[PDB]
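S.K.: Take this structure, written in structure tokens, and hold onto it; I'll ask about it next.
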Amino acid sequence: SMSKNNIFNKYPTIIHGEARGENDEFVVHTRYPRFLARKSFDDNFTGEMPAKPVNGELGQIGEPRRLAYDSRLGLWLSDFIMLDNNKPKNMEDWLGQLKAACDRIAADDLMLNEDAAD
Amino acid sequence: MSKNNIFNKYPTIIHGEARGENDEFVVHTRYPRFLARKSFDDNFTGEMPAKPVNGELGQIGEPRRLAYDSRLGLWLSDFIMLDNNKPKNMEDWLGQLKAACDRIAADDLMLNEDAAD
Ligand SMILES: [Mg+2]
């Protein structure tokens, strides 16, 4: 929806979520491609800002195979729900845009602890 | 329908924050599903209310937009409904939205308590 999308654009691009009773966290991406995702951490996760820029990978996990994002730094993005109803005209470009957004989300998450420290 | 079920995989109430904003956010993953902005009055205390949260829905600003006033300093605004269907009955839709907003406001009040305990 163009109307709905215009309302989405009045939101910050990356929203970090939490829920009572949950150790997993959450995310909302309000710019195209829009989605809601579960943000989870590996046991070894540090939360530290990395020297290199975030370069994750999109892939399939589990049985049945489901789309997941591996930040390669302990952060995972899962259970994606797309908030745009249009189907992407080109899939390869959609995967690239989704992966780039996930990399942005992971780096933004790493900024959370630093901000709290300062 | 199929997107609604993946919504069923999530907790009912999700509390959000964004870098650079003082306003907070909420995602309601049960019907009626939406994303909203959670804002606070200057004098908001966050101390648990003696009586149950009983907010009201109404219209604010010019042009008039739907907003929820918890009556305890918490506001929900800029509602983006995540269900595509239009409700058959509007006043029952408003009642369900209001009930979800009261639950969201009480859950937000519980956040501080949780951090203390
Ligand atoms: Mg497995």
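Please note that chains go A, B, ... in the order of the structure tokens, that every chain numbers its residues from 1, and that ligands are numbered from 1 in the order shown.
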Up to 9 Å from chain B, what residues of chain A turn up? Count only C-alpha atoms and give them as a PyMOL selection string.
M.R.: chain A and resi 4+7-8+10-22+25-28+38+79-83+108+111-112+115
S.K.: Can I get the selected residues back with N, CA, C and O atoms, as a compact mmCIF listing (two decimals), in the first residue's frame?
M.R.:
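Contents of the output file again25.txt:
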# COMPACT_ATOMS: atom_id res chain seq x y z
N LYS A 4 -0.09 2.99 3.07
CA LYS A 4 0.56 2.41 4.20
C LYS A 4 2.04 2.62 4.21
O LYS A 4 2.59 2.78 5.23
N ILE A 7 2.95 5.95 5.55
CA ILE A 7 2.96 5.98 7.02
C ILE A 7 4.21 5.30 7.57
O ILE A 7 4.79 5.75 8.56
N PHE A 8 4.66 4.22 6.93
CA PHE A 8 5.87 3.54 7.39
C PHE A 8 7.08 4.47 7.38
O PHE A 8 7.91 4.44 8.29
N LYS A 10 7.35 7.57 8.05
CA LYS A 10 7.44 8.44 9.22
C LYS A 10 8.05 7.74 10.44
O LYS A 10 8.16 8.36 11.50
N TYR A 11 8.40 6.45 10.33
CA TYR A 11 9.06 5.71 11.38
C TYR A 11 10.56 5.68 11.15
O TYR A 11 11.03 5.84 10.02
N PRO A 12 11.36 5.49 12.20
CA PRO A 12 12.78 5.20 11.99
C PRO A 12 12.96 3.93 11.18
O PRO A 12 12.12 3.03 11.19
N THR A 13 14.08 3.87 10.46
CA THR A 13 14.30 2.76 9.54
C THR A 13 14.42 1.44 10.29
O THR A 13 13.88 0.42 9.85
N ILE A 14 15.14 1.43 11.40
CA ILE A 14 15.43 0.22 12.14
C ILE A 14 14.84 0.37 13.54
O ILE A 14 15.21 1.29 14.28
N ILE A 15 13.97 -0.56 13.92
CA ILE A 15 13.38 -0.57 15.25
C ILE A 15 13.80 -1.86 15.93
O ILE A 15 13.59 -2.95 15.39
N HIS A 16 14.35 -1.74 17.11
CA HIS A 16 14.76 -2.86 17.92
C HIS A 16 13.71 -3.19 18.98
O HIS A 16 13.29 -2.36 19.66
N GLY A 17 13.29 -4.43 19.04
CA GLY A 17 12.28 -4.89 19.95
C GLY A 17 12.66 -5.87 20.98
O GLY A 17 13.62 -6.47 20.87
N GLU A 18 11.87 -5.92 22.04
CA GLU A 18 12.01 -6.87 23.13
C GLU A 18 10.63 -7.35 23.56
O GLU A 18 9.67 -6.82 23.17
N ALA A 19 10.55 -8.41 24.31
CA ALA A 19 9.28 -8.87 24.83
C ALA A 19 9.46 -9.46 26.19
O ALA A 19 10.43 -10.05 26.46
N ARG A 20 8.51 -9.29 27.05
CA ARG A 20 8.59 -9.84 28.37
C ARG A 20 8.53 -11.33 28.31
O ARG A 20 7.74 -11.87 27.63
N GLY A 21 9.37 -11.99 29.07
CA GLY A 21 9.44 -13.43 29.04
C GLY A 21 10.26 -14.03 27.92
O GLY A 21 10.33 -15.26 27.82
N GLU A 22 10.93 -13.22 27.10
CA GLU A 22 11.70 -13.72 25.96
C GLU A 22 13.15 -13.27 26.05
O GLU A 22 13.44 -12.12 26.37
N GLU A 25 15.21 -11.29 20.84
CA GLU A 25 14.84 -9.92 20.55
C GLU A 25 14.19 -9.86 19.17
O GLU A 25 13.96 -10.89 18.53
N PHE A 26 13.85 -8.68 18.75
CA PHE A 26 13.08 -8.47 17.57
C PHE A 26 13.46 -7.29 16.77
O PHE A 26 14.10 -6.45 17.22
N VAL A 27 13.04 -7.26 15.52
CA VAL A 27 13.34 -6.15 14.70
C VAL A 27 12.27 -5.78 13.69
O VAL A 27 11.59 -6.57 13.23
N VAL A 28 12.12 -4.51 13.42
CA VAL A 28 11.25 -4.06 12.39
C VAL A 28 12.00 -3.21 11.41
O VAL A 28 12.63 -2.32 11.77
N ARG A 38 12.72 -11.97 13.94
CA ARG A 38 13.22 -12.35 15.25
C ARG A 38 14.74 -12.23 15.19
O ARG A 38 15.37 -12.70 14.23
N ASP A 79 12.57 -15.81 11.26
CA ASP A 79 11.16 -15.81 11.00
C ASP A 79 10.67 -14.57 10.27
O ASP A 79 9.70 -13.99 10.56
N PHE A 80 11.35 -14.20 9.22
CA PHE A 80 10.92 -13.09 8.47
C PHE A 80 9.47 -13.06 8.05
O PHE A 80 8.94 -13.97 7.52
N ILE A 81 8.69 -12.06 8.12
CA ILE A 81 7.42 -11.65 7.69
C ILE A 81 7.57 -10.35 6.95
O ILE A 81 7.79 -9.37 7.51
N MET A 82 7.33 -10.39 5.70
CA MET A 82 7.36 -9.25 4.85
C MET A 82 6.15 -8.42 5.00
O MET A 82 5.09 -8.88 4.96
N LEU A 83 6.34 -7.15 5.20
CA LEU A 83 5.27 -6.23 5.43
C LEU A 83 4.78 -5.47 4.18
O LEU A 83 3.94 -4.64 4.27
N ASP A 108 23.66 -1.82 13.35
CA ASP A 108 22.90 -0.94 14.23
C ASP A 108 22.69 -1.58 15.59
O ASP A 108 22.71 -0.90 16.62
N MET A 111 25.67 -1.21 17.69
CA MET A 111 25.79 0.12 18.27
C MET A 111 25.02 0.31 19.59
O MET A 111 25.33 1.27 20.31
N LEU A 112 24.11 -0.58 19.94
CA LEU A 112 23.33 -0.43 21.14
C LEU A 112 24.09 -0.47 22.42
O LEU A 112 23.84 0.30 23.26
N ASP A 115 26.37 2.63 22.79
CA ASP A 115 25.60 3.76 23.20
C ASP A 115 25.32 3.70 24.67
O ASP A 115 25.37 4.69 25.32
S.K.: How would you report the residues lying within 10 Å of ligand 1, as a ChimeraX atom specification, if you count only C-alpha atoms and all ligand atoms?
M.R.: /A:61-65
S.K.: Nearest to residue 34 of chain B: which of B:116, B:97, B:105, B:57 is it, counting only C-alpha atoms?
M.R.: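 The shortest atom-to-atom distance to residue 34 of chain B comes from B:97.
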S.K.: Using atom CA of residue 73 of chain A and atom CA of residue 58 of chain A as the two end points, give the distance in Å to one decimal.
M.R.: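 Interatomic distance here is 13.5 Å.
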S.K.: Give the answer as one residue: which of B:53, B:45, B:72, B:64 has the shortest atom-to-atom distance to residue 99 of chain B, using only C-alpha atoms?
M.R.: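 Closest candidate: B:53.
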S.K.: Point out the residue among B:88, B:40, B:56, B:93 with the least atom-to-atom distance to residue 69 of chain B, counting only C-alpha atoms.
M.R.: B:56
